[PDB]
């Protein structure tokens, strides 16, 4: 047979493993994870591997059900087992459904099938209980997955032309709410604000904030100029990072603006840590606080297309700047023009469903020129997916 295929792929895994296990602080790790995948695919063969999409779908379905139904929380941590019966008992999910669902997440899924109707946690299932995953994953599976699946349906309505807008997209199609942006439609139900703000807090790859010199720029600023605004700062974790990074400071104003339901959830937590909670909308208003150090956008612009909303953000902010004292900092993923990762692809293509997108370097170039903005410098410590786009008035 073509068992030969397996050998070559095993060899490469073995090879790539050896490399990974004697480098330092990267390409090695990614390459090995890639050669590891090739093996699985090669073992299965092209035709059986095409069935992976169906397998993948039920697994995401069943994981989502199980997590919502309280199964992850009812099951004992540390790998102690529990029965179908005892689980169903504590959650009220149909023991027959639960048994069937479990089959999707034991054979390889993050659970362990100890024995007949007997299941256990592993660290991979327990990872779904951590702040990052537990804040992120439910929101995505309740509100985003179904839309991403309907991308095909939306573009088919336009004979594969790009009709996507912020208010007419696979999200509005799937949740039947044409005209509303994703945020608008979620915040209308107030029960959603807390989960969504937690999801907005999720930072799985640990964003690097020592990427650009805060201490230097902010404390070379005299008086009213010395003040940073985290626009759409949400929680404010970005601000707190910055503040931690430079305490080499005087009395410096630190403001976190965002919509009202967001400002509610985090306000007095922010007053506490010493930050001004300001309610602001960069779509219906011009930027209030004038002539500041820098106006800082973190994981904001990828929510938006270049026009209309993209230009209006930067235009409503040009209003309150200073030709040479203020500066603008966009902090977001910079997609390579070749060799994108699945980390790149899943964030970008999810946004696609709500009319957002992740931007190339040349994509950020277009955005700046459109708003008559001059690129000062792009900060990136490569081996790191996010850079900062620094810019000024032309």
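Positions refer to the first chain, counted from 1.
- According to the PDB entry, the deposited sequence contains 4 to 9 residues between residue 25 and residue 26 that lack coordinates.
- Stretches compared: 74-82, 246-254. Higher mean C-alpha B-factor in the entry: 246-254.
- With 263-271 and 228-236 compared on mean CA B-factor from the PDB entry, the stretch scoring higher is 263-271.
- When the C-alpha B factors of 157, 130, 293, 91 are read from the deposited coordinates, the top value falls at 293.
- Set against one another, the Cα B-factors of 107, 308, 138, 277 in the record reach their highest point at 277.
- Per the deposited record, the Cα B-factor of residue 212 falls in the highest third when ranked against the other modelled residues of its chain.
- Sorting the modelled residues of the chain by their CA temperature factor places residue 195 in the middle third.
- Residue-level temperature factors show residue 343 in the lowest third of its chain, judged at the C-alpha atom.
- Among all modelled residues in its chain, residue 176 ranks in the middle third by Cα B-factor.
- When the modelled residues of the chain are ordered by C-alpha B-factor, residue 33 sits in the middle third.
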